[PDB]
Amino acid sequence: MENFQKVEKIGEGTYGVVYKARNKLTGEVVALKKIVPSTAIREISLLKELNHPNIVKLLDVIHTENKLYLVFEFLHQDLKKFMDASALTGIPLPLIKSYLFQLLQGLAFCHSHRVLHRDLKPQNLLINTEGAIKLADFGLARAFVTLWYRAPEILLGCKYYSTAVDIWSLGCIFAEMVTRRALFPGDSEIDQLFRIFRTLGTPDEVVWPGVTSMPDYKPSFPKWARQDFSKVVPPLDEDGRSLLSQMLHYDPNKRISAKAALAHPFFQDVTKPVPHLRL
Ligand SMILES: O=C(Cc1ccc(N2CCCCC2)cc1)Nc1n[nH]c2ccc(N3CCCS3(=O)=O)cc12
């Protein structure tokens with residue numbers, strides 16, 4: 001741990017502070033997350049094995065007196081900062097498609113290994129000058145503030161939710177890159193749920209079998225009609241809107257999986273363009 005030279009504070013992470021640091025020994029530049037229950041220890045040691053080009057590599061795990069340090073590979077920018085930077089112009093479709101395709105490959109890999117992210121958002125999707133995008137903070141939820149990307153089943157109190165929650169979050173992120181505005185900017189759990197309801201329609205037994213039996217479901221929920229989908233992400237083409245609606249299906253079991261999503265016609269002409277970053 002004294003092998004590290006804090007270069008600067010990247011930002012307030014979800015589990016602690018994250019610093020950009022230099023390994024005094026190897027000289028390598030990394031991201032330091034200053035986060036303990038032995039259960040967490042075995043859980044994150046398992047994440048060390050979860051290696052994929054679209055998953056931010058966890059280089060090491062350092063435990064020392066209640067202090068838990070996670071060393072990750074460092075990327076210079078996150079998707080949230082990139083979106084704001086191209087908010088006036090907009091991220092070209094080719095790049096949006098490339099990014100969505102890569103994240104899906106990443107999710108497909110994690111999910112095949114029964115690992116869920118559970119809290120996907122623009123701030124934990126990291127990019128580099130090479131046109132690569134990666135998932136950061138994967139598996140950390142299982143081990144141990146925004147509700148905008150939270151799947152409805154979680155909001156309705158489902159305690160044993162599946163890999164579909166990541167597909168839903170990614171669907172919200174996909175829509176956000178296209179429109180340049182968060183899809184469902186909830187500022188409370190009920191406001192988050194109702195914003196979803198107002199756009200996709202209040203779910204019922206017809207479209208989501210068993211929904212009315214969910215823990216926090218209330219028969220008193222207002223009944224909103226589903227809105228035309230062409231008003232949600234204009235001017236995305238039909239392939240895109242088709243893929244998005246399948247990523248946002250209410251019923252977690254009907255929601256398209258990452259693997260299947262990779263076969264959707266929308267990615268028929270997928271390429272790997274590079275973004276222009278001002279580091
Ligand atoms: O963030 C970044 C980009 C970045 C780089 C510099 C600043 N700076 C530096 C100081 C000057 C202002 C801009 C702010 C953000 N890179 C990461 N590489 N590896 C990571 C591992 C975890 C995290 N996380 C941080 C919190 C959530 S997380 O996914 O665990 C980030 C990176």
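For the single chain, residues carry numbers from 1 onward in sequence order. Quick note: numbers below take in every heavy atom, side chains included, and nothing from hydrogens, waters or symmetry partners. Ligands are counted one by one from 1 in listed order, and the atoms in each one are counted from 1 as well.
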Identify all side-chain donor-acceptor contacts of residues 98-107 below 3.5 Å with residues at least two apart in sequence or on another chain.
residue: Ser98; atom: OG; partner: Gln102; partner atom: NE2; Å: 3.1
residue: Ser98; atom: OG; partner: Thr271; partner atom: O; Å: 3.4
residue: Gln102; atom: OE1; partner: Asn54; partner atom: ND2; Å: 3.1
residue: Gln102; atom: OE1; partner: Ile133; partner atom: N; Å: 3.0
residue: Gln102; atom: NE2; partner: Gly131; partner atom: O; Å: 3.0

So, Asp204 and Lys223, do they make that salt bridge, N to O below 4.0 Å?
no

Side chain to side chain donor-acceptor pair (under 3.5 Å) pairs, two or more places apart, involving residues 126-145
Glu73-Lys134

Please answer whether the main-chain N or O of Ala87 pairs with a side-chain N or O of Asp84 as donor and acceptor at a distance below 3.5 Å.
no

Could you tell me if the ring centre of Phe138 sits under 6.0 Å from that of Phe109?
no

List below, pair by pair, the N or O atoms of ligand 1 and of the protein that are less than 3.5 Å apart, including the distance to 0.1 Å; reply 'none' if no pair qualifies.
residue: ligand 1; atom: 16 (N); partner: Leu75; partner atom: O; Å: 2.6
residue: ligand 1; atom: 18 (N); partner: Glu73; partner atom: O; Å: 3.3
residue: ligand 1; atom: 18 (N); partner: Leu75; partner atom: N; Å: 2.8
residue: ligand 1; atom: 19 (N); partner: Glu73; partner atom: O; Å: 2.6
residue: ligand 1; atom: 29 (O); partner: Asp137; partner atom: OD1; Å: 2.8
residue: ligand 1; atom: 29 (O); partner: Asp137; partner atom: OD2; Å: 2.9
residue: ligand 1; atom: 30 (O); partner: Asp137; partner atom: OD1; Å: 2.3
residue: ligand 1; atom: 30 (O); partner: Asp137; partner atom: OD2; Å: 2.9

Write out all pairs satisfying side chain to side chain donor-acceptor pair (under 3.5 Å) with one or both partners inside residues 229-247, taking only residues at least two apart or from two chains.
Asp228-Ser230, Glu238-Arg241, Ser242-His264

